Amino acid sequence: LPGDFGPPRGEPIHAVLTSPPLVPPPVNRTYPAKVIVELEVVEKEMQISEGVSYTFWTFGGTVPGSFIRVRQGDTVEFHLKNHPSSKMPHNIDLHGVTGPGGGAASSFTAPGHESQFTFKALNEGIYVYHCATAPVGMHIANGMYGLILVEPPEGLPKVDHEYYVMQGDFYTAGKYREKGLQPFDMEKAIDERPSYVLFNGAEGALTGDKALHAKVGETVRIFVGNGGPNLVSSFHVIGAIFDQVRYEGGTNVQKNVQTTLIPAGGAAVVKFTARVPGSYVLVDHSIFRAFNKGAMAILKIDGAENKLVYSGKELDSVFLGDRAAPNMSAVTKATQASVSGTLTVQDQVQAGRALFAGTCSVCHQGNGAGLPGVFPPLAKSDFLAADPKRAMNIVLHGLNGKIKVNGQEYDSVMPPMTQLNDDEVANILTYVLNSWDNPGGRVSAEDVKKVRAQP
């Protein structure tokens, strides 16, 4: 059989698993070993977006699950534990396993139990693993997926950085950025109409202060998985090119491409060389996913500018919107304060500040000045101050036709922004009212709910 290099030798190895976005060290070994993998399923609430909770089902407490790294020809003794706090039974199917269910029938594990099975890793490559418990789509949609790397016997070529990025489509009862604990929505899942499309299980998991890092001149390998359950990723890096893309354990290697399709349940190894400094965006280039559902991750490159290659500026909020900033923690704080009934004006102002970036600043500017005659000012705006209820209607339903703001005529079009949630409109307008010599006061989520109910 391929990838059979004899029985295990040396000592049994306890696999060291890593949490995303990090990868275990290269196995750096010339002999086949018995590798003991211990993975524990944990069901738990986590933030899928600021102020939005979701009950994830996880391998190892993360989405995606712990990264497993072995060598082709290793005997893997796989232990799956199901934490006693679990409500569901779980199991595992690893791609790249040779045998029925990729482990599923022998890994069936009730809450508080443990199962084990053994397999030889015959197939080199990068592989998705996932839960295989009826209803299979529900388990995978709740975050039950990760990657296993089966190294070639000589190891992969040395790089400066290895990272772990996995896309998933998620199905909430509520709309995108609707606050609260969001249940799983089976109807959206069956229709393949996700509310979120994420890297590593949350909006902003790999942006701002959670960006991946490297330096000019360094090489980066990324193990990229698509857990699905349903979407195919038009996986793309903005402002850069992949030196190589290799799918699973495939013989074919594509070189010098920027855009590549990753099947549902598929995995690829990509390699990048950093040439110039700045933020490189990993996206699903089915563009409403990347810019309206959360499918964006950042690789931040530090080092010397090369004006002969690129004369231009670092990414800002015009392109990355509200993810240009280090974090949106102010949104989480305002949401918690609403729940507790302690929401202050300043809690709203700081949340609105975070959300104004891109969403409003692209036209009205970061300082609210606009552009005289083209985009009207929000800074010390007589039109804003004259009618705060009309301002709520303008955000939700748009504005067009001739208006006068601060003594100048505008005759343009502000598109409707009906996709903003009531708390988002309230916090943004509270921010604007409390900035730039505007009159202060506040807009409440209830205020906006009433305007939404009758335009």
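The first residue of the shown sequence is 1; numbering continues from there.
**Student:** Higher average CA B factor in the deposited record is what I'm after, so tell me if that's 116 to 124 or 261 to 269.
**Tutor:** Higher mean C-alpha B-factor in the PDB entry: 116 to 124.
**Student:** On average, which has the higher Cα B-factor in the deposited entry, 213 to 221 or 166 to 174?
**Tutor:** The recorded data point to 213 to 221.
**Student:** Going by the entry, which of 230, 195, 85, 142 has the most elevated CA B factor?
**Tutor:** Top of the list by C-alpha B-factor: 85.
**Student:** For the CA B factor values reported in this entry, which option in 76, 308, 149, 190 has the top one?
**Tutor:** Comparing C-alpha B-factors across 76, 308, 149, 190, the top value belongs to 308.
**Student:** Can you tell me which third, lowest, middle or highest, the CA B-factor of residue 110 falls into for its chain?
**Tutor:** Tercile = middle for this residue's CA B-factor.
**Student:** Which third, lowest, middle or highest, does the CA B-factor of residue 64 fall in along this chain?
**Tutor:** Tercile = lowest for this residue's CA B-factor.
**Student:** Among the modelled residues of its chain, does the C-alpha B-factor of residue 21 lie in the lowest, middle or highest third?
**Tutor:** Lowest third.
**Student:** Would you mind checking where the Cα B-factor of residue 284 ranks among the modelled residues of its chain, as the lowest, middle or highest third?
**Tutor:** For residue 284, the deposited C-alpha B-factor lands in the lowest third.
**Student:** Give the position of residue 319 by CA B-factor within its chain, expressed as the lowest, middle or highest third.
**Tutor:** According to the entry, residue 319 has a C-alpha B-factor in the chain's highest third.
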